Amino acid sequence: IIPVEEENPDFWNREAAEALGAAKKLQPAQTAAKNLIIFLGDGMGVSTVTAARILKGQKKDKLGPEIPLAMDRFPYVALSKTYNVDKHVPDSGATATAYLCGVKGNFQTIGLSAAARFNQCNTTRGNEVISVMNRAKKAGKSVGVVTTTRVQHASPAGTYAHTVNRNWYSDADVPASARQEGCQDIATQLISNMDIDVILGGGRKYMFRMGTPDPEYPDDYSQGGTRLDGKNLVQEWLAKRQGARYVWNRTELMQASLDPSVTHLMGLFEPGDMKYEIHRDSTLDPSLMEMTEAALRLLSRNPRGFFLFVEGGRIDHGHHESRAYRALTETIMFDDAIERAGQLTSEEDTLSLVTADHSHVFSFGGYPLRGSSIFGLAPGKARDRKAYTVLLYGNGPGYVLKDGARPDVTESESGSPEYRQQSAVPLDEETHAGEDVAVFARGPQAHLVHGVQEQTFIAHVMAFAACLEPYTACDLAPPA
């Protein structure tokens, strides 16, 4: 559909004139950031962002691509180079080390330099690299970890842990030799490595001993505690903090977030990862947006400021399933959380960065008409005279041969929330992609986010902006 208003060149000339005016008004801050927020869209590459924008635009009353995402409104953009030291196409652990600790590492390790080796406990020590969140805490700021995955998953773990193996969620996962050598599981590291004021997401199970019924699924044993060392880490965490509260559901989160004197809040809302937003029980579970507001309620009380990590952690998972519907709906909720944080904080004193850890082999093609669904079919048949989707994957589990050929697909099918887009190569899981991802930035020192940078730049600019870390001699005036 051709929007009549866009047929007039003045429509475009007006918009661009407005764009130039706004571009010209941009000025660098001379003041430091009181607060730091990194929003991490896990797997949210450039193709995911554009596709998400179109979907969200249509979710509203619009044609799609012309409607900005909240992240699109951020003034400063850079491209981030995501390679790990040992692999061109990275994982979440070693990219976390880069954008949270400012040092690149090897695939599947977290918070360690590339002198460490994956799954070799005895290469750990000396190679720990401290996150900017850790450094923010050392400087007196409150710190928060918020994600739709397990809080012990690779991305949030980058804020606090150091491990040669991202799979070491609880002691149950650590080989005896590594346990003997003192490599702690991530759940333990979560409560021991540093003080964290707010911890919100999934991952209940790793905190409790085997036999412990999950409170929300007391009749599904696979959801119960996993630990073999007898520890209740929630209880240990509560015991070492006054003002500490633990919640596992939305209503309790709500009460806690408004309760003055709740100073430490741990909200673990599923046994493992939180449900996709489309499957979320809105009585039992907070959305990402709700969790980030809950975090902000508590974190904003500290006069010295805060560091907050907010992850759209299941964007990635949607893409791995090659279910773009799940990837993009997670991305919209991620964008809503970004929008909400923007409503609850000031860019005068808060440096906010939105980025992705890496991308996916996700593409948006065919030649679909303006206003068409992102989940629709490309106009015109493929060379095999069957339809195909505008959304596709390079590889992954949507590769199908139905009696010896690529199957036709219909609009109703292509539009289903369970639909897996086709790929060129069958894999149980679609693969990450190695191309540059965006960094969006607003707030004090956001103008420093520019050009094409190593992913490590994200950690360093945030540390610099807040006068942390090796930049205590930033030469910045106090936050506005």
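Note that residue numbering follows the sequence shown and begins at 1.
In this crystal structure, the stretch out of 234-242 and 167-175 whose C-alpha atoms carry the higher mean B factor is 234-242. Taking the PDB entry as given, 221-229 carries the higher mean Cα B factor of the two stretches 367-375 and 221-229. The entry assigns its greatest Cα B factor, within the set 97, 180, 106, 350, to 180. Taking the deposited Cα B-factors for 418, 454, 436, 430, the highest one is held by 418. Annotation for residue 189: CA B-factor lies in the middle third of the chain's modelled residues. Among all modelled residues in this chain, the alpha-carbon of residue 359 has a temperature factor (C-alpha) in the lowest third. The deposited CA B-factor of residue 208 belongs to the highest third of values across its chain.
Annotation for residue 50: CA B-factor lies in the lowest third of the chain's modelled residues. When the modelled residues of the chain are ordered by their C-alpha B factor, residue 67 lands in the highest third.
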